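Worksheet: one structure, shown below.
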Amino acid sequence: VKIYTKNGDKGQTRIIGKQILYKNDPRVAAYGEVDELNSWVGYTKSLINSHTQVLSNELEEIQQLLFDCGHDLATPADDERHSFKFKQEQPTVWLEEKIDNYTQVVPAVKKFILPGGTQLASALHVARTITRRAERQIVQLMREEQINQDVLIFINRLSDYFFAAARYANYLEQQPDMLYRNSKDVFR
Amino acid sequence: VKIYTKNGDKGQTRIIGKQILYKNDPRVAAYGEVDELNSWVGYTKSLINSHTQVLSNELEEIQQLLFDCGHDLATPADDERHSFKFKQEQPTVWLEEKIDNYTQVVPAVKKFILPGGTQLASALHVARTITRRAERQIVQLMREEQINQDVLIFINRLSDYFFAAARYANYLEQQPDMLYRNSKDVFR
Amino acid sequence: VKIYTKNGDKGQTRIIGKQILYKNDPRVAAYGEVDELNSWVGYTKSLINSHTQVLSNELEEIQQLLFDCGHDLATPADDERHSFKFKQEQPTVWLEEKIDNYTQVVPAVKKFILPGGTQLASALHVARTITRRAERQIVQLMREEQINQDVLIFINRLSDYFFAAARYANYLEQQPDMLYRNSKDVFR
Ligand SMILES: C[C@H]1O[C@@H](n2cnc3c(N)ncnc32)[C@H](O)[C@@H]1O
Ligand SMILES: C[C@H]1O[C@@H](n2cnc3c(N)ncnc32)[C@H](O)[C@@H]1O
Ligand SMILES: C[C@H]1O[C@@H](n2cnc3c(N)ncnc32)[C@H](O)[C@@H]1O
Ligand SMILES: [Mg+2]
Ligand SMILES: [Mg+2]
Ligand SMILES: [Mg+2]
Ligand code: NA
Ligand code: NA
Ligand code: NA
């Protein structure tokens, strides 16, 4: 088995189905950014400690879901031989329940917080912002091609999950969040 | 409080003031990249150790400043109800004084260095390059819309700060920098 | 020595040779993304432990090679005073030999794996995906300007190297890889 085929050496790559695209095509960029997020989630999970073990399984579950999203991003809406398989309903509800629970448990803020704290909380803020970068890429693709809009819904919700989980990670080690000193009351 | 409004689920988001933009709009991308930098700075600060404690407070101060920059990037120059609040003078002087001090104290190089060393020094090099990525985004926005040019000045200077601070972090643990083996003398 | 010249404060920067470009120009973006990768490789190397010491030297060698690639990306193909110096043959063979060896030694998969595991393996997956992001940037530049195509070949191969090395890092700590649960058999 050779994972290097060399077929990409001139700048084109195969997507799902027959088409080849330049590697900078917005479709390739979209699922490539999802893959970068997925790798960062793996890195974040590797930082789990005894205080934060309760977050481990759901990070692995998110990795599984990000593969399901990437599949659909790699699939043209008019490819007769392949169809969209990601459905947002249940995964997105699942994220919302976590967001509600973690928002309830941590100390309430009205103001923006500095993205930081523990190493794990900080990594969850990095995940938050890479998710949002991948979301931008997905919207770029959406403006040119038909996509599975359920992926967008889920990826939008996912960055709120990472915010909530980052605060929960600080709570699990009793690290206080720090406020942005010039913040207005923005959370209502 | 629900941080998930779902109003972003179709790919548009609210900026400062009345306007909504696509999430891939260059303005949204610019302050989104600043937020990614800010999160990375949080992560970097979480790596502080007893040798490097002297760097902790100024990283937190940079996080505060990055919120002030992001505010102005999110604000249209013609929005009557909101105005630019970031002024570069004092923060940028403050960075320059750190850059001068840290450049003086560490072993002099003429050649490019490998970006690495200690975990903290390496993270400061990652911060250096994410700052430069955010700067590119800010210039993309500048070419289409009027911006607070003071944010650009500060963000330019900030990546030189991260270079200087990365070298200082290696110095604080007595980790030598490594040279790029084919470098010309580039620092003059 | 002042690394801050302030000449970049209005959004333009000097490349190799006489030209100045906007900081968001695709050329500047391409070698800037290579620099971000290089910094991440430095960070990854800082995570080496006693189990993974055998990977340290080759990560440093990759950093040297990434400077050689960045040089050529910063050099216009028609700049009479500067020429391309990167040749892919030997570095790319060297990567392929590592990929072959590491593919042979680790447990065989047919299915996609979750990008994660140990902290080092996870960082090598982050390197994999940042390499692929830089590759996209390089292809963007290739579509507008003549480049040294040897850089593209090497950067393509490099992300397969990081995949193989990430799996090898997990093997070195006897951390099993996890499969994507809905994967088809994709590695043939
Ligand atoms: C909190 C604020 O963050 C901005 N916002 C919403 N989604 C994204 C994204 N994917 N990338 C960057 N910024 C975003 C909007 O301005 C929203 O109101
Ligand atoms: C050191 C060199 O790095 C380049 N340079 C300057 N600013 C940036 C940036 N934001 N992103 C990437 N590269 C940049 C220019 O080529 C400068 O001369
Ligand atoms: C494994 C699959 O990953 C995609 N692919 C190939 N190169 C890149 C890149 N630089 N960025 C993102 N995705 C890429 C193609 O779809 C290939 O078949
Ligand atoms: Mg959102
Ligand atoms: Mg600069
Ligand atoms: Mg490839
Ligand atoms: Na490959
Ligand atoms: Na939200
Ligand atoms: Na400089």
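Residue numbers start at 1 in each chain; chains themselves are named A, B, ... in the order of the structure tokens; ligands are numbered from 1 in the order shown.
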
Could you tell me which residues of chain C sit within 9 Å of chain A when counting only C-alpha atoms, and give me the result as an MDAnalysis selection string? chainID C and resid 96 99:100 103:104 114:130 132:133 135:140 142 149:150 152:157 160:161 164 179:183 187:188

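Here CA of residue 162 in chain B and CA of residue 105 in chain B stand 15.1 Å from one another.
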
Could you check the closest approach to residue 177 in chain A for each of A:48, A:69, A:15, A:108 and tell me which residue wins, using only C-alpha atoms? A:108

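Nearest residue to ligand 4 among A:166, A:178, A:93, A:158 is A:158, counting only C-alpha atoms and all ligand atoms.
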
Using only C-alpha atoms: which of B:146, B:56, B:101, B:92 has the shortest distance to residue 74 in chain B: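 Checking each candidate against residue 74 in chain B, we get B:146 as the closest.
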
So, with only C-alpha atoms and all ligand atoms as the atoms that count, which of A:186, A:147, A:73, A:21 lies closest to ligand 8? A:186
